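Working notes for the structure below.
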Ligand SMILES: [Cu+2]
Ligand SMILES: [Cu+2]
Ligand SMILES: [Cu+2]
Ligand SMILES: [Cu+2]
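Chains as they are written, first to last, in PDB author numbering: chain B, 1 to 558, 582 to 615, 629 to 681; chain D, 1 to 559, 581 to 616, 627 to 681.
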């Protein structure tokens, strides 16, 4: 019905009151729905904004549960899911929206609440409700860039957009270029990774992943998605693999973990963002900032660094011991199957953790500590830095250090698992004899990258700005389209089903030597995984880059961003090993890419390379079984700006 | 294509050679496909049976893997999946059929093999392949009663069917009545349970359950179905709950477990079956037979009773300890979630058992011991009794004693789990205020049962019998149709999703008082479990007996779940008092996303343990059902009346 489309109007201009009229419509709000500020002049308003609209949406006056808790968070305050208190507020609001029987009462509850609670919080609470309420399925939620551009764009543009929109008539408006590589100069070598850390695409992917797999909400089934623990491990683990790749393409070494929390943090980061909702800017972190004990009475944070250290010490112990202990006192064993999944829930701290009280909230609390170095006891009445919000956390370099550490902890369980036997990763009969890649107008086994401007309408997000279009020009990494061509022999006499698993790693190390397996296995980034039917004899499989199951199409973002599928490489060319494996789909099958049910692969995530090598294996070229293939690829960057065409 | 329909012709007349022509068709078999006996007279045969056939199916000559192992089992021998050796033979044949490229070779391999290997084995191996192969989905396999009636019918009828078919012309043939209550007289009080033990329906359900959820070495993909261990526990556990119900309706006490294996078995059983494939009869077991150490060199069985006892001693230890140990030496914990599932695989010995070598093959080996009391060292060259075949095991009373024991072991784990808290089984907002049942022409809260003859065409199964129809008349328990009517209040302000869980148990004890929970919880039989959407305020839910998720209709079981006609216990002529119970649980917690009862092909659609409200002990203060209840539950006194009359099928 219309109702579904009418809720989407709530996302329009989040700070403009709901009675101001969104798109080609306007809401006919009761007077008891007006805020205390505006209610005493309600007559002057409803009339003043009503016209020039094709529709007037009526809204029925309902009972409405107490909205005290939802309204506890200030309107001009920041909202983060990492802060203990906010979690309880959001989870309560989510509960209200979720608890509205009809799609009409959801519209009524929403319309009332919208102008009383924190915009950032509202957006989250609604987003979560719509996606998991049963009436509002298969919907198109507007990109959070378009509703909250302040979390994605240098604050400098805002006063240009205001100028352009006020001075120049519609149709003659110039697109606003969004600054790139703007957070640090060349004195900071970290500035080179702007195209990854600060890319709109990857920041959206991270935000959205945490939307669909929350770690604590209310009602366990929403949190309890198949293998979400392992997902949390793997997804974040791939972020760093990809980051470490991009590091090598900018003449840097692999990211160093946060060894220990007492030592200073070398790399500072000023994000250059200005929250229009908080009307303040996000604080920066200086070079050689030190983590400090938190005492944020308001936010309900009373945590010492030693608490964090204690959690880590215990988690390590469990991992080495090989088992954990639940609240009850019983032991649960970190086996080959569910071990990783358990560990994930323990480490991030999802309510699925078998003993939150003992093993703590290790990952999340780390995000808060790192974001509050500048004001840990709230004496300066300052908010958290960028690492305190999932939406912005990936912008900071320290993210990769903290997430690097966390990964090492997971590793110190994976290295305990028994090596995959020759048997276990052989497909009797199947043999892959070669894989290549081809781009139009480029040699074989060669990938190209470059810069590319794209346009986004940030009009819905620009509150109290003259209506019209406001196009912004993003510059971001892009790769030329390509396709894999895989030669597979059956030699069985029957149709064989198989999973094609494609990863890519660097060929050598930072010192220029052909990488060993122990090293290289951790640098393999997944590129594709798809099901294929093989006829007896010979099969030529072809797969386009845009068919990738790791990626989501550009149009959707505006899943990992498509333009970020290929590492940057170097102008002189960057050498890389492309790897493919065909596994026996009958074993890997899940009787029942992203998936809203169960995860469609029985094998562990990162399956060929998650575990250590079997004895005698030393490098990739002798790890291989017949049903695998390696290929030298060369990744060439070109510093030029292509259009979108 | 046609090929799918052509394989179904293999099931036709299992002992008639494949070149004799099945249904309205006949196979055009190569001469190298003929048997050594018939090869030298091929010229005379292909021609002789070519006549009267509409279609002629060609068959291409292929290589054909070595069929030595499949052919090791004699043609006139019995076949059981419990016997270690047979498992290896079948698993190998399954492997051959499974490994054939196209459905042109599946048909070719089959056609060749069919007349060289044991019919019972062939049927199994094919059934398994078809049910789990790629091209052959949704294919309706003929009822195993129709292909092998010898496992389901008193041997006496066979010489009547032969007489009738030879003497009387088609169309004028009288339906052959199948004897009921024929295995024992009234001196044996056990004879009363014929309508359950010997019912075609329940024996088919058991056979089929083991088809779709094997434990067999085979391949891990086929055996590893979601929670099959818990399934094995629950399904068999419900068999005994239902059996114990039917016992109470025949003035008998609850089934006594097999305490210890050294003491005699009081209840003998002569099954009165004659295997036309083995051309012999199944042996009986005498009263006060004792289990004896097996030494069946041929079958590859060298097991002592003490071995069994040792496995039991160890399993008990693990259950009390609260954990098991895998081959590697690590400890795996029998937790609230997966504990039961693990234990199931350990006890039956499914290849999924985390340590077969230590905890043994306890359930299966028990079936063999009990079936070989009459000839344990093979000195008398006799085959196993009825307990040695899944197809027939439920006919013997000892089945329920052995399966009763096994259940007690599972229980020993369940009583360690923490009681469900008031919180855990409350649905905040939902309140069930009443449940009733209504049958056409009968007071409220009253169920009726009776006898009913039905007809089945056993024509496909009657080898070397003049072609035509051969209808057999089965007498079996039946219940009058009914429907539940459940009054549920929402009081929330939002549409609430809920699982309706319906069980039924006996009302009072031996002394005539309300049964206590500790006792009654184990006698609750599942009657239905279905999803329901509740509007704010008041909701009147109605559910027909024939919509039950525990059951499958008549049509299926005569051409899979529990037979529909066996859904209701028999009750008494004077009326049998019973507590009907319903619970509405919060489906959001119980949901298993996903796009029934015992057999579901997909993952199991319920996060809660099987049995749910009654699998665990009572929380403190609870004592009987009427104070176990939460608002979202309801109890109702039902009365089950039997009437000794034979209704027609209409
Ligand atoms: Cu994250
Ligand atoms: Cu993080
Ligand atoms: Cu069984
Ligand atoms: Cu059994």
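For every residue, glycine included, the Cβ atom is placed at its ideal position computed from N, Cα and C.
query: In whole angstroms, what is the alpha-carbon distance linking residue 439(D) and residue 538(D)?
result: To locate residue 439(D), count along the second chain from 1; it is residue 439. To locate residue 538(D), count along the second chain from 1; it is residue 538. CA-to-CA, the gap between residue 439(D) and residue 538(D) works out to about 24 Å.
query: Can you check whether the CB of residue 668(B) is closer than 8 Å to the CB of residue 584(B)?
result: The count along the first chain starts at 1 and reaches residue 584(B) at position 561. The count along the first chain starts at 1 and reaches residue 668(B) at position 632. Between residue 584(B) and residue 668(B), the CB-CB gap reaches or exceeds 8 Å.
- prompt: At which residue ranges does the segment 474-520 of chain D contain complete alpha helix (DSSP H) runs of 4 or more residues, listed in the order of the chain?
  reply: Counting whole runs of 4 or more residues, the segment 474-520 of chain D contains the alpha helix (DSSP H) stretches 517-520.
query: Apart from the five residues on each side of it in sequence, which residues of its chain come closer than 7 Å, Cβ to Cβ, to residue 314(B)?
result: Walking along the first chain from the start, residue 314(B) turns up at place 314. Only 358, 359 meet the Cβ criterion.
- request: Return the first residue and the last residue of the alpha helix (DSSP H) that residue 5(B) is part of.
  value: Indexing the first chain from 1 puts residue 5(B) at position 5. Note, residue 5(B): alpha helix (DSSP H), 2-7.
query: Helix, strand or coil for residue 450(B) per DSSP?
result: Locating residue 450(B) in the first chain gives position 450, counting from the first residue. DSSP places residue 450(B) in strand when its eight states are reduced to three.
query: Where does residue 277(B) sit, in a helix, a strand or coil, going by DSSP?
result: Here the question's residue 277(B) lines up with position 277 in the first chain. Looking at residue 277(B) - three-state DSSP - the assignment turns out to be coil, as it is neither helix nor strand.
message: Is residue 241(B) a contact residue of ligand 2, with contact defined as CB to any heavy atom under 7 Å?
response: Locating residue 241(B) in the first chain gives position 241, where the first residue counts as 1. Answer for residue 241(B): no, Cβ out of range of ligand 2.
field: Collapsed DSSP secondary structure at residue 172(B) in the structure displayed
entry: Here residue 172(B) corresponds to residue number 172 of the first chain, with the count starting at 1. In the structure shown, residue 172(B) falls within a coil segment according to DSSP collapsed to helix, strand and coil.
task: Take the Cβ of residue 198(B) as the centre, count every other Cβ of all protein chains shown within 10 Å, and call the residue buried at 16 or more, exposed below.
output: Position 198 of the first chain holds residue 198(B). The residue in question, residue 198(B), is buried, as its Cβ has 16 or more Cβ neighbours within 10 Å.
query: CB-CB under 8 Å to residue 426(D), same chain, minus the five flanking residues each way: which ones, in chain order?
result: Taking the first residue of the second chain as position 1, residue 426(D) is located at position 426. Same-chain partners within the cutoff: 661, 662, 663.
- prompt: Is the segment 470-478 of chain D close to the segment 412-432 of chain D, with three or more CB pairs under 8 Å?
  reply: Judged by Cβ distances under 8 Å, the segment 470-478 of chain D makes no contact with the segment 412-432 of chain D, as fewer than three pairs qualify.
- prompt: Taking contact to mean at least 3 C-beta pairs separated by less than 8 Å, is the segment 157-166 of chain B in contact with the segment 123-134 of chain B?
  reply: With the rule of 3 Cβ pairs closer than 8 Å, the segment 157-166 of chain B does not count as touching the segment 123-134 of chain B.
query: When the Cα atoms are used, what is the spatial distance from residue 277(B) to residue 144(B)?
result: Locating residue 277(B) in the first chain gives position 277, where the first residue counts as 1. Locating residue 144(B) in the first chain gives position 144, where the first residue counts as 1. Straight-line measurement puts the Cα of residue 144(B) at about 14 Å from the Cα of residue 277(B).
- request: Identify the contact partners of residue 609(B) in chain D, using a Cβ-Cβ distance below 7 Å as the criterion.
  value: For this step, residue 609(B) is matched to residue 586 along the first chain. Neighbours of residue 609(B) in chain D, taken as residues at a C-beta separation under 7 Å, are given in chain order as 221.
field: Selection from 193(D), 503(D), 680(D), 406(D) that minimises the alpha carbon distance to residue 367(D)
entry: Here residue 367(D) is taken as the residue at index 367 of the second chain, counted from 1. In this structure, 406(D) is the residue among 193(D), 503(D), 680(D), 406(D) with its C-alpha nearest to the C-alpha of residue 367(D).
- prompt: In the structure shown, what three-state DSSP assignment does residue 598(B) receive?
  reply: Along the first chain, read from residue 1 onward, the residue named residue 598(B) stands at position 575. If DSSP states are grouped into helix, strand and coil, residue 598(B) belongs with the strands.
message: So, with DSSP's three-state summary, where would you put residue 198(B)?
response: Residue mapping note: residue 198(B) aligns to position 198 of the first chain, counting from 1. Shown here, residue 198(B) sits in coil according to DSSP, grouped into three states, outside any helix or strand.
- prompt: Got a sec: is the Cβ-Cβ distance from residue 634(D) to anything in chain B below 8 Å?
  reply: Position 603 of the second chain holds residue 634(D). Interface residue, yes.
field: When 111(D), 258(D), 266(D), 536(D) are compared against residue 188(D), the one with the closest alpha-carbon
entry: Here residue 188(D) is taken as the residue at index 188 of the second chain, counted from 1. With distances taken between Cα atoms, residue 188(D) lies closest to 266(D).
field: Nearest-angstrom Cα separation, counted from residue 673(D) out to residue 591(D)
entry: Locating residue 591(D) in the second chain gives position 570, counting from the first residue. Locating residue 673(D) in the second chain gives position 642, counting from the first residue. Using only the alpha carbons, I get a separation of about 6 Å.
For residue 538(B), three-class secondary structure by DSSP: Position 538 of the first chain, counted from the start, is the residue given in the question as residue 538(B). Residue 538(B) falls in the strand class under three-state DSSP.
query: Less than 8 Å separating the beta-carbons of residue 374(D) and residue 283(D)?
result: For this step, residue 374(D) is matched to residue 374 along the second chain. For this step, residue 283(D) is matched to residue 283 along the second chain. Yes. Within cutoff.
task: Could you round the C-beta distance between residue 456(D) and residue 462(D) to whole angstroms and report it? I think they count as a contact, below 8 Å.
output: Taking the second chain and counting its residues from 1, one reaches residue 456(D) at position 456. Taking the second chain and counting its residues from 1, one reaches residue 462(D) at position 462. Contact check for residue 456(D) and residue 462(D): beta-carbon distance about 12 Å, past the 8 Å limit, so the pair fails to qualify.
query: Taking Cβ-Cβ distances shorter than 9 Å, what residues in chain B pair up with residue 614(D)?
result: Taking the first residue of the second chain as 1, we reach residue 614(D) at position 593. Within 9 Å Cβ-Cβ: 221, 225, 226, 632, 633, 634.
message: What does the alpha-carbon distance come out to for the pair residue 33(B) and residue 14(B)?
response: Looking up residue 33(B) in the first chain gives position 33. Looking up residue 14(B) in the first chain gives position 14. Whole-angstrom Cα-Cα distance: 17 Å.
query: Quick one: which chain B residues come within Cβ less than 7 Å of residue 330(D)?
result: Taking the second chain and counting its residues from 1, the one referred to as residue 330(D) is at position 330. Those are 333, listed as they occur along chain B.
- prompt: Terminal residues of the continuous beta strand (DSSP E) containing residue 429(D)?
  reply: Mapped onto the second chain, residue 429(D) falls at position 429. Taken as a continuous stretch (DSSP letters only), residue 429(D) belongs to no beta strand (DSSP E), as it is neither H nor E.
field: Span separating the alpha-carbon of residue 195(B) from that of residue 498(D)
entry: As a working mapping, residue 195(B) is identified with position 195 in the first chain. As a working mapping, residue 498(D) is identified with position 498 in the second chain. For residue 195(B) and residue 498(D), the distance between alpha carbons rounds to 49 Å.
query: So, does the CB of residue 46(D) fall closer than 8 Å to a CB anywhere in chain B?
result: In the second chain, the residue the question calls residue 46(D) occupies position 46. Judged by the 8 Å Cβ criterion, residue 46(D) is not in contact with chain B.
- prompt: Rounded C-beta distance between residue 327(B) and residue 215(B)? I'm assuming under 8 Å.
  reply: Within the first chain, the letter at position 327 stands for residue 327(B). Within the first chain, the letter at position 215 stands for residue 215(B). With 8 Å as the limit, residue 327(B) and residue 215(B) do not qualify as a contact, their Cβ atoms being about 18 Å apart.
query: Any heavy atom of ligand 4 closer than 7 Å to the Cβ of residue 393(D)?
result: The residue you call residue 393(D) lines up with position 393 of the second chain. Indeed, a heavy atom of ligand 4 lies less than 7 Å from the Cβ.
task: Determine which residues of the segment 71-105 of chain B have a Cβ less than 9 Å from any Cβ of chain D, and write them out in chain order.
output: Those residues of the segment 71-105 of chain B that come within reach of chain D (Cβ to Cβ, closer than 9 Å) are 98, 99, 100, 101, 102, 105.
message: At the level of alpha carbons, what is the spacing between residue 625(B) and residue 101(D)?
response: This structure gives no coordinates for residue 625(B). The numbering of chain B moves from 615 immediately to 629.
field: Spatial neighbours of residue 607(D) in its chain, beta-carbon cut-off 7 Å, leaving aside the 5 residues before and after
entry: Here residue 607(D) refers to the residue found at position 586 of the second chain. Excluding residues within five positions, the ones whose Cβ falls inside 7 Å are 427, 498.
- request: Report yes if the C-beta distance between residue 496(D) and residue 404(D) is below 8 Å; otherwise report no.
  value: As a working note, residue 496(D) is residue 496 in the second chain. As a working note, residue 404(D) is residue 404 in the second chain. No, these two residues do not count as a Cβ contact at 8 Å.
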